[PDB]
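Working notes, structure below.
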Amino acid sequence: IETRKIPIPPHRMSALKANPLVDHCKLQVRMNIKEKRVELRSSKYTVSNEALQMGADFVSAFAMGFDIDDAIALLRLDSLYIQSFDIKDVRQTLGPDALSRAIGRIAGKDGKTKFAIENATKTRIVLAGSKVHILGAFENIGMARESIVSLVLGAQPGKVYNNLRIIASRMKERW
RNA sequence: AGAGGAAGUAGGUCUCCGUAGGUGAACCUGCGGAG
Numbered sequence: 080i081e082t083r084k085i086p087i088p089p090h091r092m093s094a095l096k097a098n104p105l106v107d108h109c110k111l112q113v114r115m116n117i118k119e120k121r122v123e124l125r126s127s128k129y130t131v132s133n134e135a136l137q138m139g140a141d142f143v144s145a146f147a148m149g150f151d152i153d154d155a156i157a158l159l160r161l162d163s164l165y166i167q168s169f170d171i172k173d174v175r176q177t178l179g180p181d182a183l184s185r186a187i188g189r190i191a192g193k194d195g196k197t198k199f200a201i202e203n204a205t206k207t208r209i210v211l212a213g214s215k216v217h218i219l220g221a222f223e224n225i226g227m228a229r230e231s232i233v234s235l236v237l238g239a240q241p242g243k244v245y246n247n248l249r250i251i252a253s254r255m256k257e258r259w
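Mind the numbering: the first sequence is residues 80 to 98, 104 to 259 in the UniProt record's numbering, read in order.
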């Protein structure tokens, strides 16, 4: 018998107050969004450390900016990963014109560039300033990560999107 | 002004917060900030 408690940011508290993991994995839950904690407890119907760690990963992935439409995908498919890239990781210049210009390049007006990158490499990303979070299979996470870091190296989004599309097609192909 | 003669050229998304107005709890728009 093991328990795991996770902290949540003060962003998604109403969305966590929305309504089930006891039905999903037979693992008893408690919540308190004023101490920012969510208790996960394993019962006699709870069988595996896989179920424990996957419930923990599902709740933390809902906490870090994804909704349930992209979180029950993590509850369901075991090939699905999350990777959280800080924009402060590997940096091309020392100059502090970073945050606004970089996430203006990555996000794009009305979400055009983030959305086209998502549709191109089949991954699902969310963007909040310094931290950008990628969800999907880890080769798609590698594709989205190399596209985003080539966006912050200062390459144009048209050329980056073209190369991303051709790499995504060659990765979809079997032989 | 005249019929002839002869010639030549052809780039801030999402979420939250503080605002100000709107039709009020909520909610919408605009702005200023943090993730």
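All C-beta atoms, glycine included, are put in the ideal place defined by N, C-alpha and C.
{"Item": "Between the CA atoms of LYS172 and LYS215 - distance to the nearest angstrom", "Value": "8 Å"}
{"Item": "Validate contact between the segment 161-170 and the segment 235-244 using beta carbons, cut 8 Å, 3 pairs", "Value": "no"}
{"Item": "Host alpha helix (DSSP H) of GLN137 (start-end)", "Value": "133-147"}
{"Item": "DSSP bridge partner residues for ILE209 (one or two, in chain order)", "Value": "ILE218"}
{"Item": "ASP194 - containing alpha helix (DSSP H), residue span", "Value": "No alpha helix (DSSP H) contains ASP194, which DSSP labels as neither H nor E."}
{"Item": "Cα-Cα separation between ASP194 and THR130, rounded to whole angstroms", "Value": "44 Å"}
{"Item": "Neighbourhood of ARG125 by C-beta, 6 Å cutoff - its chain only, sequence neighbours within 5 removed", "Value": "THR82 and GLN112"}
{"Item": "Nearest-angstrom Cα separation, counted from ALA94 out to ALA212", "Value": "17 Å"}
{"Item": "Beta-carbon contacts of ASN133 that lie in its chain and below 8 Å, excluding the five residues immediately before and after", "Value": "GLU81"}
{"Item": "Sequence-distant residues of its chain with Cβ nearer than 6 Å to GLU123 (five each side left out)", "Value": "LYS84 and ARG114"}
{"Item": "Cβ pair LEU219, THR205 closer than 9 Å", "Value": "no"}
{"Item": "Pair within 9 Å by beta-carbon distance, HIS90 and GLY149", "Value": "yes"}
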